[PDB]
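# Fold and geometry: a report
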Amino acid sequence: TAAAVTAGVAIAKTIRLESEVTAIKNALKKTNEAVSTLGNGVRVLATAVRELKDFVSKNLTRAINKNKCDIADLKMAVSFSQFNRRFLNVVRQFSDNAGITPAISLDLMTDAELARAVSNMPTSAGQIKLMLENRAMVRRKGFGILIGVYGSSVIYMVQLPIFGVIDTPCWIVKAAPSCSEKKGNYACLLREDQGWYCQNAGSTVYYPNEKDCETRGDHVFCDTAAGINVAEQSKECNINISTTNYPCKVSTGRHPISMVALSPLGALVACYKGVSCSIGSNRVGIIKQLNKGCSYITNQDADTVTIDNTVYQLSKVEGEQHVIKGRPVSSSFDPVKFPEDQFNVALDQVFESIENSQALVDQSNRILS
Amino acid sequence: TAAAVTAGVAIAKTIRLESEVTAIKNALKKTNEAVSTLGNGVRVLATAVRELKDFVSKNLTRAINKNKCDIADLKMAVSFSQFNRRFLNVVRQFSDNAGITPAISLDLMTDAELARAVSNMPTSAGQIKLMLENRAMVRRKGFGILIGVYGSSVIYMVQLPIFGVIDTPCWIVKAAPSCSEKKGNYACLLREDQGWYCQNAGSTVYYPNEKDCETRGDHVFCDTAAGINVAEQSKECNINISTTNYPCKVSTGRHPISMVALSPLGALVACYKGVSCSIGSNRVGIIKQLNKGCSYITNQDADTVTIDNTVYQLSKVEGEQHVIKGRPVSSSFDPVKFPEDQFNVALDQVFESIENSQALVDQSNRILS
Amino acid sequence: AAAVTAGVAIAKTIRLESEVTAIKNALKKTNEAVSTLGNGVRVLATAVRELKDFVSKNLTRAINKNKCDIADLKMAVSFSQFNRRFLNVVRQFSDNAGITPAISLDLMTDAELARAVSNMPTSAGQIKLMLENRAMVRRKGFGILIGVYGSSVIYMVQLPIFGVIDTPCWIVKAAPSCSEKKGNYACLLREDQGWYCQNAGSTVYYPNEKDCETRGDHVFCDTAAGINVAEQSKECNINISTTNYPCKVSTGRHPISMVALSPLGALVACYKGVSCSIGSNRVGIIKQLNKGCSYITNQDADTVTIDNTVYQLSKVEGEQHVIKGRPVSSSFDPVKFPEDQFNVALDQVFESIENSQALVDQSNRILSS
Amino acid sequence: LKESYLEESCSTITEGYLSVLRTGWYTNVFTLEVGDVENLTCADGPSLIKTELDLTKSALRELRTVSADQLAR
Amino acid sequence: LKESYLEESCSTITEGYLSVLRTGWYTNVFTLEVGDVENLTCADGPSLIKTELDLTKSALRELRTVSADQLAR
Amino acid sequence: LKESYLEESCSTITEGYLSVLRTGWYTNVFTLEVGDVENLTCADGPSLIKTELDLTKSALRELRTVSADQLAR
Ligand SMILES: *[C@@H]1O[C@H](CO[C@@H]2O[C@@H](C)[C@@H](O)[C@@H](O)[C@@H]2O)[C@@H](O[C@@H]2O[C@H](CO)[C@@H](O)[C@H](O)[C@H]2NC(C)=O)[C@H](O)[C@H]1NC(C)=O
Ligand SMILES: *[C@@H]1O[C@H](CO[C@@H]2O[C@@H](C)[C@@H](O)[C@@H](O)[C@@H]2O)[C@@H](O[C@@H]2O[C@H](CO)[C@@H](O)[C@H](O)[C@H]2NC(C)=O)[C@H](O)[C@H]1NC(C)=O
Ligand SMILES: *[C@@H]1O[C@H](CO[C@@H]2O[C@@H](C)[C@@H](O)[C@@H](O)[C@@H]2O)[C@@H](O)[C@H](O)[C@H]1NC(C)=O
Ligand SMILES: *[C@@H]1O[C@H](CO)[C@@H](O)[C@H](O)[C@H]1NC(C)=O
Ligand SMILES: *[C@@H]1O[C@H](CO)[C@@H](O)[C@H](O)[C@H]1NC(C)=O
Ligand SMILES: *[C@@H]1O[C@H](CO)[C@@H](O)[C@H](O)[C@H]1NC(C)=O
């Protein structure tokens, strides 16, 4: 059996080998099943990546460009109202008063423009100076007129006062009935001179109502239309009423009249017959009851004249004092950022796992040679 | 011998094996190509996935934060206008009227502030009540003054009327020429009493023009400046014009004057000489011809007085009635939603296929060991 | 011979024994590559998952957030737009506290105004004139806030009815006519000055020039200001000393030097110590006026000077401005995705999967033989 | 136009004007309503449109106080 | 109200009105300040609110020129 | 200023004021134009600014009706 020992081992190894390649066939059979499976993972992953792009590319940038447009939409609307304020403010004003403006508003003519107009007025240097200092009055005593809407343009005119007469002596007259009585009979005089007087060249201008002249400091802005020219000698009435040089305008009455007439610095009081005329103070109530007749008191003498139960205020009554501040405006910007680092490393990971696999199938091919 | 047979089968079987391994060699050679090939799919997917991030990470979030920024900008602009209305409105008014306000506007002083002021005025309880009830009139009879712009603060003053005298008797006088004729000549007297009379303590106040006093119900809001103090005895002129008790103000003429004078509750008509004066209705032209002389008719007697071809209306003529509503404001909010459930099913799919592919190569390795 | 076959058997089997162990090692490398590529695809997927996690959650949220503010602001701006009239009308009644100086464009539109005038109770020609001067209709009219009920504003507009039109009208101006003999002055001055409008059966007198407004040849006169005078009063403009009418004329004993402006000219009164001169805007002085009353035309000169006081006969035309706002632009800059180069890469991916898949089918094909 | 100088009375008459005289008042009544506005519930708290309405609501509440008839207050 | 026709003088008296007479002036003083506004540092240069602030800054500079006291200019 | 009481005539003179008297009118003429706005062609139809333009164009169509010269209507 010498041969058989050797012959026996050969078939023995062949049996050991025959079962080995069938194992490898089965191993490989599972392997390309894994390769095929991983492929279907990558396919589904790719389809997911495709569906992710389609949402980002189409459905999402759609929303962004839309919001991008609405943003541009509102910026244009809001910018329009901003860059065109004056135009829009002016159109508002000529509409609210239907074609004319009570004053030369800030929108109607800017301060720069206002000053430039006043300096080019046809007058003396000193008068230009005064208007410049009281430009508020220039605006209010003036006005604006809508000329027309031509196409898309608004044309209007501002009309400014020319203050040619300034800094001439000026004064105001106030009066009460000066009633005198003897034996139950009343003789009542009343000046009818009463009003504003401003001295002018060759004449004195008389403004019968107090509102006809506006007071700002020592200066008096008097309405031209209201003026009545009177002879200068009319001023003589303030020395002697019974002057024969001027027909001092004075009226007579037969009946007593009780009243209070307020002056710039005081008040004239007339107490006659059945009236209880008294003077009052800020804190206390009565400081003096007034004698029957014509009395004159100062703003610094008292704050109150009382006639029966009627209290007349001599000066303005100072009231509460408020302070108001708007709600704060704050910014709401909270940007979004993508955490790129953790991701970017993960992709490097991928390209490297790619690189390792690619090399391993190269080793496998080598081994096969 | 038996050895030769077994070895003979062994050598034969090796031939059968060489052909299995030569197919397996070729089979694995193909598999390694699939692994290498699928990898170039995965890599191209990774580079593709990388540019998708580059767009999202950079180009897309850039556009969003820009839009997020403009959004915050516009909100600030619009909030500023909202949180500071009163401030901006008050500046608006002092600019339109250049420093002064015709009335005490709602922006200048709120109802709360106004009522608190009136309640703190120096007068009697009933007078405070009346002002509170006619707070409309209070605002209009008052006004506002811009004191100064200091830094970013606007400081102004409101000036309110103090109605200290209330609920005393008041009346209004209207008159037309009263012409009498004897043998073709006309003698015409006409009262000059016409106007508002208000009774006060110790005197009667006379307001010459109907516009000098404002009517709100039975109450008459009279301009102090227009007022003329007259003797109480003057009311006697509405009984006898020719009374010796008061110097009744009445003018005489030599010529006839035909006219219509309107009353609160009616109208005075004066028809003389060559005029055809009649009373009419709104529908029918004439319902009665008026006799020559002075006639008095009621707002309830007629709706119209005609003098020749001039038609005078006794009451306000009621016209159309409009009703207007603004366009409805709708929301344009349309959110975008991402299908995360559907998407996650695909990713769950990928992650299983990975584990399935991974698990099969493990079977493959079990098979080899 | 028997042993010879046994020797060859071991020989071929050993040559095969080394080959399958080479193949076994080859497959083991491959299974590590499949396992390696898989650990890669998994890492690629987790990254794609996080990309979705960012897009799906954090990014669309910011977009919907911006989408909401966008919708918010669009609503705010639309509200003010769709409700301008409402908001403008409420503004005006607040600024003037319940009343309106004019019939503003917001209170009653041009269409509404015209329909109203056409339904007024007057003649076709009177309707026409109001339609022609509707600006005046608005200003001579006014508006009243009747009430705010819930969220609705109810108000009434009040329109003038111009029933008398196209009857003769004229205006009177005068200066003191002072006469001198032997150093003594006799000065008469007309006091009839003002607007006269002829009416049916009478003539109406408007004492102040402001009481009537001039628009072209037409004179719009305030009814309240009007005083009825005998038709013979016009006779004063022929002979002042007419006995037919009591011409209202005042006498003086003192000289009054002044300038009174007429529509087409001016009356000058030079008496005593005044230097009255006539000037132009271009040339300085053109004529010194003789003592007494002079009448000059607006086309005769541009200026009357009294001493150093300069009176303007006409309006002085100043600068002439033109202003245009800043331009408003769109900031719309959409974002676009580079889709073409990308999608080729996905197609690239889908083929490498199917090319790979086709290869694992081949691997198995060879194995099935 | 024609303006004549009357030298005996140191006066001027200017004729050729035409009259426009008010003989009555014609009145229309208006009711202005604010248009409906949707509730924007996609936002939290302070809406820009919510505060614009509360502004217009108070403007009306304040405007009410100056209305002509008392039974509106 | 009662309106009586006076045939002797061709006049009418209408009585029954009640007086409201002004006896004084009562004054309140107000100080309005603009609310604080946050700096928008997410933008560069021309923002809608900076252009809104410089507009209202300017409105005040002009409003100033019309102040009551001279010492405010 | 100083205010003197005249006891004989029950009157008061207040002196020390200074006159500012109007002697003429000075006029400037203005022409206001609307700023240019780009056409917003990224949107379709109802834009907030087109309705804002069509609103002020309408505001002007109405403002025209009250212009001073007739040849503008
Ligand atoms: C106020 O003046 C009257 C009148 O005098 C006038 O002024 C003078 C300067 C002179 O020009 C007079 O001719 C003026 O008439 C004084 O009253 C009367 O004066 C006249 C003189 O003409 C005399 O005959 C009368 O007797 C005087 N009457 C009385 C009652 O005395 C009056 O004195 C002057 N009052 C004051 C306070 O000075
Ligand atoms: C406008 O909407 C708010 C909020 O409505 C809520 O949000 C919806 C999406 C839904 O969840 C509703 O059920 C909610 O009511 C109105 O409601 C106020 O909302 C708060 C809580 O958000 C609630 O506690 C209050 O009770 C609600 N107010 C009232 C008076 O009931 C709000 O009222 C709406 N405004 C108008 C004018 O209709
Ligand atoms: C009007 O009055 C004439 C008399 O005038 C006075 O009237 C009364 C009030 C008393 O003051 C009296 O002393 C006066 O004499 C009368 O002559 C005349 O008849 C009266 N006319 C009428 C219509 O009553
Ligand atoms: C995405 O957009 C397409 C049209 O481009 C549409 O059919 C689809 O329903 C949209 N889906 C989502 C969730 O927006
Ligand atoms: C994204 O939103 C999540 C909530 O799901 C939050 O926890 C996270 O902090 C946010 N991160 C980024 C980068 O936006
Ligand atoms: C995307 O951004 C890059 C810069 O990061 C730029 O070069 C490219 O043009 C942008 N593309 C688009 C469509 O905005």
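Look above for the structure.
Residues numbered from 1 in each chain as written, not as in the entry; some residues may be left out. Chains lettered and ligands numbered in written order. Heavy atoms only, no water.

## So, the relation of the copies chain A and chain B
The transform that puts chain A on chain B rotates by 119° and translates by 0.1 Å along the axis, for an RMSD of 1.2 Å. Interpreted geometrically, this transformation is the action of a three-fold axis. (Least-squares fit on C-alpha atoms.)

## Some details on the interface of chain A and chain C
If you look at the interface, chain A gives 99 residues, while chain C gives 104 residues. A buried area of about 8500 Å², summed over both sides, lies between chain A and chain C, and 70% of it is on carbon and sulfur atoms. The interface formed by chain A and chain C includes five salt bridges. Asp347 of chain C is paired through a salt bridge with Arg50 of chain A; the nearest N and O atoms lie 3.4 Å apart. Taken together, the connections running from chain A to chain C amount to 26 residue pairs in polar contact. Elements represented by at least two residues in the side of chain A that touches chain C include exactly α1 (2-83), α2 (85-96), β3 (153-175), β10 (228-230) and α6 (340-368) of chain A. In terms of residue count, the dominant contributor to the side of chain A that touches chain C is α1 of chain A (53 residues). Its residues placed into classes, the side of chain A that touches chain C shows 51 nonpolar, 32 polar and 16 charged. (Contact = heavy atoms within 4.5 Å. Buried area = accessible area lost by both parts, 1.4 Å probe. Salt bridge = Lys/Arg side-chain N within 4 Å of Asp/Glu carboxyl O. Polar contact = N/O pair within 3.5 Å; in protein donor to acceptor, adjacent residues only side chain to side chain. Helix = DSSP H or I, 4+ residues; strand = E, 2+ residues; numbered from the N terminus. Nonpolar A, V, L, I, M, F, W, Y, C, P; charged D, E, K, R; others polar.)

## Points about helix α2 (residues 85-96) of chain B
All names here are of chain B. When the terminal C-alpha atoms of α2 are compared, their 16 Å separation across twelve residues agrees well with the 16 Å that a helix rising 1.5 Å per residue should span. With ten of twelve residues buried, α2 lies mostly within the body of the structure. Taken together, the buried positions of α2 are occupied by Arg86, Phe87, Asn89, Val90, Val91, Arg92, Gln93, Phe94, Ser95 and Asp96. Looking one or two residues past α2, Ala98 carries a phi angle of roughly 55°, positive in sign. (Expected span 1.5 Å × (residues − 1). Buried < 20%, exposed > 50% of the residue type's maximum accessible area, 1.4 Å probe, protein only.)

## Regarding the pairing of strand β7 (residues 203-207) of chain B
Residues and elements named next belong to chain B. Buried residues dominate β7, accounting for five of its five residues. Residue alternation in β7 divides its side chains into two sets, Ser203, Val205 and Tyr207 and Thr204 and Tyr206, and both sets are buried. As judged from the five bridges shared by strand β6 (residues 195-200) and β7, these two strands associate in the antiparallel manner. Directly across from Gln199, in β7, lies its bridge partner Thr204. The antiparallel pairing of β6 with β7 creates a hairpin that spans two residues between the two strands, and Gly202 there sits at a positive phi of about 80°. In this structure, β7 lies alongside strand β10 (residues 228-230), joined through three bridges in antiparallel fashion. Pairing of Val205 across the sheet is with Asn229, part of β10. (Pairing = 2+ DSSP bridges.)

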